[PDB]
């Protein structure tokens, strides 16, 4: 009903097996949703002027030791050896992004440098606590690291906040709770650096007219963060978005740029993820929509179906027209009752069933039925195709009227 594990099996989206705990086998229709979510995030990366990179799955333990994560999260990390050398399977993309930053001399002119990745990460999570798409070992982050000057933090965090609300609004999430985590007991740098760092986050939120609250002392060793919690239609809370300042990692991994005064400077790093885990976010959307994915996300967006054998060639032509228009379409030409076809494709949550009887063929029209069971009547083929295209392009939550 609103259980992603049930709807997942029903609509053949994914499965999982004990041979690979907390690592998703993505089926055809599930990978289609995942890929369309990737396309959506890429459109925002372009709109917000991000680079997109791809880093390796493993790097030398020696490199991960310099990050500080080895001492604190070695037991959460998958390791493998080759030729007397130990490698970590990446649980995070940040050190990989610094390696790309460190290729070539960097100028103040290159900042802010926004580096995004659909980062395939692995964490050695306890098998006992693995739950569907929500708690996994293998996950994909809508990740990015911004390399910038201290002066650029406010503007860069401002743009991250807009991107968060922009992207959440697409999926109909308008109730957002925002928490700013402040300096912990054990922290790096002066109290002044923290005053300015916390001020930068607070002013960025203020600039966007966003009310928030503090989580006192919950900040990381290496800087303060903003966390965003969205509420689904059941008013259940999901923490997804994070904007994390980092005054540690660049220095640790010898990241530098030639300042405007010609002095070598360490860049500030901003970690940010909006959806968080792509798998978890699909899990949340599955329950939010109860399998009724918005048309732009639907594995199959349209099924064209004949009442009798007589409309088979009209269905073939219309299916080709929809295919050419970039719509994910199937023809249902089975020797079955129109009622049987509608019920089957309604149960599979296909947004639109385009029904062709003799009256539709003769007029060059099509009868449109929604998965909600509404009959929109008979409309011109080209006018329907243009409307379906508009709904998909605009990533509309709503169907045709």
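Definition used throughout: the rigid core is the maximal C-alpha set that superposes within 1.5 Å between two forms. Residue numbers count along the first chain shown, from 1.
Averaged over structures and residues, the CA distance from the shown form in 7 other deposited structures of this protein after a core fit is larger for 212-220, of the two stretches 212-220 and 142-150. The higher RMS C-alpha distance to the shown form in 7 other deposited structures of this protein, out of 190-198 and 151-159, belongs to 190-198, with every structure fitted on the core.
The stretch 185-193 shows the higher mean C-alpha B-factor when 185-193 is compared against 107-115 in the entry. Of the two segments examined, 67-75 and 149-157, it is 67-75 that shows the higher average Cα temperature factor in the deposited entry. When the C-alpha B-factors of 53, 37, 45, 338 are read from the PDB record, the largest value belongs to 338. Remark: residue 211 belongs to the middle third of its chain, ranked by C-alpha B-factor as recorded. Placement of the Cα temperature factor of residue 168 within the chain: lowest third of the modelled residues, per the deposited record.
Residue 312: CA B factor lies in the lowest third for its chain, per the PDB record. The entry lists a Cα temperature factor for residue 299 that places it in the middle third of the chain's modelled residues.
Compared with the other modelled residues of the chain, the Cα B-factor recorded for residue 342 ranks in the highest third.
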